[PDB]
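Student: With the input below, show me the fold.
(one chain, ligands or ions: 2)
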Amino acid sequence: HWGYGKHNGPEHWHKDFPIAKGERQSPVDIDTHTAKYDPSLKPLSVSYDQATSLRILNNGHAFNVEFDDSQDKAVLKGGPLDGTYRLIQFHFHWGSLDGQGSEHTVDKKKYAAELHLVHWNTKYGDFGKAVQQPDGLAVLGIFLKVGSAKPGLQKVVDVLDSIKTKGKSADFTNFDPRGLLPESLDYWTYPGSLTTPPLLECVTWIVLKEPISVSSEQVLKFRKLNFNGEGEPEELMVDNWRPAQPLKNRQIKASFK
Ligand SMILES: N#CCCN(CCc1ccccc1)CC(=O)N(CCc1ccccc1)CCc1ccc(S(N)(=O)=O)cc1
Ligand SMILES: [Zn+2]
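Tutor: Residues are numbered from 1 along each chain as shown. Ligands and ions are numbered 1, 2, ... in the order given. Coordinates below:
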């Protein structure tokens, strides 16, 4: 099955998922000099005060912090979006070294990791229906660079020992995702896709310009996770990122001058 290795990685995905070579694939390189300021874009509205986290899961490709999305509790609105998008989960992509790990790049620069806060358009009723729609999802992407620790990330870091291997989950209630945001909500936006199989072209990408800083020790703990299940040979969960895909007939818009 698909993964991030030599024999099942991104260059192989198109055989099972031909949309891998489609017209609106993600991630992409964000060329900052070519992105155009769009004064029509509204400020983002991130309303996470009532978020209800439930569980953290190692799914064999990353780890997901899952939320209760059966009501409008933590929602994303505004910016390029029409309607209300409910937070369902967040996860990260990261590298084996501090100079790689992000999926999006900025003027070809790779960050150490990238956080994805995944939201779905409530007009489609459930997440499975939303992924079948060109405007079904909104993913808020946030770059991580290595420097000072992010205090709001530590509760995630400290539970990773309990979900080392594929298929392990742990209770993860009362986690506040507002502690993972940078100061500025300035962003770039473009129409794209899920960055893993099934690579569905259902995502409005909103990528924040300002990275958050995490410590070397925090990212080192991400790198102790495993792709494998328990009782299988250890394969470290590192370099779980897809590289930049062709922009094709798309324009990246900036919320800021
Ligand atoms: N069992 C099992 C796992 C099944 N998942 C969903 C469970 C679900 C939840 C609500 C309603 C229906 C189904 C599957 C699941 O999540 N994805 C697969 C596509 C999908 C979505 C919904 C239904 C079928 C397939 C999305 C995974 C995904 C990939 C990449 C990014 S990224 N890097 O672009 O942000 C974000 C999220
Ligand atoms: Zn992702």
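
Student: Write out the residues of the stretch 1-150 of the chain neighbouring ligand 1.
Tutor: Applying C-beta under 6 Å from any ligand atom, we find that the stretch 1-150 of the chain lies next to ligand 1 at 116, 118, 126, 127, 128, 131, 139. No exception for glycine: its C-beta is placed from N, CA and C like everyone else's.

Student: and those residues as CSV, adding distance to residue 46, secondary structure and neighbour count?
Tutor: Formatted as CSV, those follow (distance: C-beta to C-beta, whole Å; DSSP: H, G, I helix; E, B strand; the rest coil; neighbours: other C-beta atoms under 10 Å):
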residue, distance to residue 46, secondary structure, neighbour count
116, 14, strand, 22
118, 14, strand, 23
126, 22, coil, 12
127, 19, helix, 17
128, 24, helix, 10
131, 22, coil, 17
139, 13, strand, 24
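
Student: Save these as CSV, and put in distance to residue 185 too.
Tutor: Converted to CSV, those look like this (distance: C-beta to C-beta, whole Å):
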residue, distance to residue 185
116, 16
118, 17
126, 28
127, 24
128, 29
131, 25
139, 15
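
Student: Out of these, flag the one nearest to residue 64.
Tutor: residue 118 (8.5 Å; C-beta to C-beta).

Student: was I right about that closest one contacting residue 86?
Tutor: No - if you go by C-beta atoms under 8 Å, residue 118 and residue 86 don't touch, sitting 9.7 Å apart.

Student: what's the most distant pair in the residues of the stretch 1-150 of the chain next to ligand 1?
Tutor: Between any two of these (C-beta to C-beta), the greatest distance is 19.5 Å, for 116 and 126.

Student: Strands along the stretch 1-150 of the chain, start to end?
Tutor: 29-30, 36-37, 44-47, 53-58, 63-67, 75-78, 85-94, 105-106, 113-121, 137-146 (DSSP state E, counting those that start in this stretch).

Student: looking at the ones you listed, which is closest to residue 4?
Tutor: Using C-beta to C-beta, the strands of the stretch 1-150 of the chain put strand 85-94 closest to residue 4, at 9.6 Å.

Student: strands paired with the closest one, and their directions?
Tutor: strand 63-67 (antiparallel), strand 75-78 (antiparallel), strand 113-121 (antiparallel) (DSSP bridges).

Student: and residue 239, how far is that from residue 213?
Tutor: 21 Å (C-beta to C-beta, to the nearest Å).

Student: swap in residue 56?
Tutor: For residue 56, the distance to residue 213 equals 22 Å [C-beta to C-beta].

Student: So for those two, which residue has more residues nearby?
Tutor: residue 56 (23 against 16; other C-beta atoms under 10 Å).

Student: residue at max distance from the center of the protein?
Tutor: residue 231 (28.7 Å; C-alpha atoms, centre = their mean).

Student: Fine by me, we can end here.
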